[PDB]
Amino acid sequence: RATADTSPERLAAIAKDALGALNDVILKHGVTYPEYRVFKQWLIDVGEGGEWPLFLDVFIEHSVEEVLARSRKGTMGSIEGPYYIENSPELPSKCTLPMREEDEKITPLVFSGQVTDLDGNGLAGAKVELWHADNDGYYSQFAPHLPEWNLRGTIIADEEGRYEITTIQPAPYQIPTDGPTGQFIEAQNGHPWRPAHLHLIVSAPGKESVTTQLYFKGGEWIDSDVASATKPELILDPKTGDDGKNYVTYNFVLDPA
């Protein structure tokens, strides 16, 4: 039951700008009646396909985080995306993310670092909620065949704010091509792809949490993210060990609540 405290005055100004802007694009490009019928049917399709969270997060949410970005001094944020789930099972500072026997076959990714405040003091009782896709680009709880907490966890950072999280390296994400979001994209010759990414919500007692994503230097779609959610500050350059595992360190800087 979602709410916001927006005064009628504010909404009216937003509505005026949003609707005026759309209406101007129509006048600009000479949007015809047949094209208008196509837009109306496609908005119906979007909701009938359950793709409002998907369409909105891909095309709109980057600007919402960009707003929040201004008011923030810590680690760069990025969009949540639609694939977040609360209360993923807790795990200790040093852990391995829950995975299938399939996932065990993929080159491992060892993610290390520390949660700290703005001055660099480590934070006790910090939490790292991590979620990402498997090598097949699917999310648990958004794929029937997967264990419901595959590659999802609540990492409990130690008394010093540190974690050593062993996972696999995520595959790039492709947005279902079959639906209206993918229809919108195929019809303009765009591409339905996101670079490979880790999702992280990072919290601490008395701190303003951070929702962020982490990408990979080599990675494809790196310079053409369809959700426009990539920032260079969030690109990891993992180095590979003689065990053949990929090793990366990244620290989280939380703002005060």
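Each form is matched to the other, and the largest set of C-alpha atoms that superpose within 1.5 Å is called the rigid core. Residue numbers here begin at 1 and follow the sequence given.
Farther from the shown form on average, by C-alpha root mean square after a core fit in 7 other deposited structures of this protein, is 173 to 181, of the stretches 132 to 140 and 173 to 181. Across the two stretches, 40 to 48 and 205 to 213, the PDB entry reports the greater mean Cα temperature factor for 205 to 213. A summary of the deposited B-factors shows that, of 156 to 164 and 133 to 141, the stretch with the larger mean C-alpha value is 156 to 164. The PDB entry assigns the greatest CA B-factor among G219, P232, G30, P34 to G219. Among all modelled residues in its chain, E186 ranks in the middle third by Cα B-factor.
Ranked against the other modelled residues of its chain, the C-alpha B-factor of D237 as given in the entry falls in the middle third.
In this PDB entry, the Cα temperature factor of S93 sits in the top third of its chain's modelled residues, the highest group. Split the chain's modelled residues into thirds by C-alpha temperature factor. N121 is in the highest one. The entry lists a Cα temperature factor for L146 that places it in the middle third of the chain's modelled residues.
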